[PDB]
Protein chains: 2
Amino acid sequence: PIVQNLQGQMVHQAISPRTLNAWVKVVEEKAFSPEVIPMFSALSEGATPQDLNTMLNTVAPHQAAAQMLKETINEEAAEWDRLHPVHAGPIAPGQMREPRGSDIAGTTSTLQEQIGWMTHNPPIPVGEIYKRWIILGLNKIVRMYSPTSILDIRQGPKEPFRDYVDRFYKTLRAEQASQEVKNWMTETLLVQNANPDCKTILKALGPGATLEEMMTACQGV
Amino acid sequence: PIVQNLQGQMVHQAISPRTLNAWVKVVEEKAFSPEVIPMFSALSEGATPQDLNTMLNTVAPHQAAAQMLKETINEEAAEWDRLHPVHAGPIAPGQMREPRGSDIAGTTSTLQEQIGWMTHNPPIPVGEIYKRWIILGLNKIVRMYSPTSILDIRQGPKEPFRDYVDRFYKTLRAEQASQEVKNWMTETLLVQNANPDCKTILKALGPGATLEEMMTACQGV
Ligand SMILES: O=P(O)(O)O[C@H]1[C@H](OP(=O)(O)O)[C@@H](OP(=O)(O)O)[C@H](OP(=O)(O)O)[C@@H](OP(=O)(O)O)[C@H]1OP(=O)(O)O
């Protein structure tokens, strides 16, 4: 992250060891479940690209996930270079150069370059964009490691309706289908895969019932 | 039917043999089920009263049905004579006489008389009125031959709801109750005679639900 020194100048502060250890616990203990992404986003809050690569070292022992992340990051860097062609010409002395795809990812840049790029009015946030690339890679990894299809999430004969709903929506978060397909899933498949008593009540409830009304009508069933 | 010759004059064309054979198949194979009436109406499309009597010969071997048709036709002819008293007086040379009940049914008229009566501006359609009398007779015949009461149409334990609905409405078409009684039947008896699971859902659906909503809520039940 970025901190101000006693003289009012922006200084890079490394991630503290217990934050890094929290991220290591997330990576090594949670099997890339969907909650790895909110936790990563919280733990890399306000980070520089050099900090993000420190957090990416924890993924390297997981070769398939690390390779998927590398492919996503290379694709994003190439796309960034294509959409930001390197202008050839003079530059104002008070203006800094334009980082490349290998620079936003911190492969060839240095710490002061990233601090200066991020600390500006108006800012060009290099940490947030690299973070979004990482999150796309992690979404792909969560999709790859998902153990069940949404078609296989079915309410047990004695399972409470809220628990089935939580499992259903967690798998839906993992699968990341298209928006229209997701709407069809939540409207139709949730009712279709409920157990007989809840299914009877939900069918009687009619189409277009909100999830809150469905939870109300199935509370003790 | 009526066709125009090469000189532009209206000429009667007989019913083709395969149309008559289609009507014979309807009469001899369908046991006077309710669909005999739409089929008869389609097959006698644009017919003259002389054509209608050719189609009525097919019914003559069925003595009860033929007698019911004859009674209905005699009643309609008598009513037509009563509501159209034979005016005694001069008639315009450019105006034709008024057919009687025995003439619209083609018992005493001739082909040219019927062609001239039907081909006029404005027309006096003798084929359509005789056809409506025939249809009243056929409705009575369909009522007589109906095998089941509407009170006896009950959904089977595994019967799909759409099939029960189709049987119910077909019997209702056969029975031809009064309009208010029919509305009571479709609103109350259909729900009352459904099987337990569909009945539970329909009772939960509430009064005044449309048939489409009932079909939606019972699709796989
Ligand atoms: O309206 P319909 O009286 O039933 O007329 C049809 C129709 O003939 P037209 O349209 O020429 O009057 C058929 O023609 P398609 O368009 O089906 O071809 C024809 O069948 P063919 O094509 O075999 O000529 C058929 O004639 P057919 O009796 O030989 O089956 C004939 O029926 P009618 O002869 O009873 O008028």
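In what follows, chains carry the letters A, B, and so on, assigned in the order in which the sequence lines appear, proteins first and then strands, with residues in each chain numbered from 1. Both backbone and side-chain heavy atoms feed into the values below; hydrogens, waters and symmetry mates do not.
Between chain A and the options B/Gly220, B/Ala217, B/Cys218, heavy-atom pairs under 4.5 Å are most frequent for B/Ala217.
Atom CZ of B/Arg162 sits in a sparse spot, with 12 or fewer heavy atoms from other residues, nucleotides or ligands closer than 6.0 Å. Counting heavy-atom neighbours within 6.0 Å of B/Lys170 NZ, excluding the residue itself, gives a total of 12 or less. Within 6.0 Å of CD on B/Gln13 lie no more than 12 heavy atoms contributed by other residues, nucleotides or ligands. Atom CD of B/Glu75 has more than 12 neighbouring heavy atoms from other residues, nucleotides or ligands inside a 6.0 Å radius.
Of the candidates B/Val221, B/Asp197, B/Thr216, B/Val221 is the only one forming a side chain to side chain contact (heavy atoms under 4.5 Å, CB included) with A/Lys203.
No part of A/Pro196 comes within reach of chain B, as not one of its non-hydrogen atoms sits under 4.5 angstrom from that chain.
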> Hey, mind stepping through A/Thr200 and B/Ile201 against side chain to side chain contact (heavy atoms under 4.5 Å, CB included) and telling me if it holds?
Replying inline: CA-CA 7 Å; A/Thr200 297; B/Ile201 294 181; 4.1 Å; yes
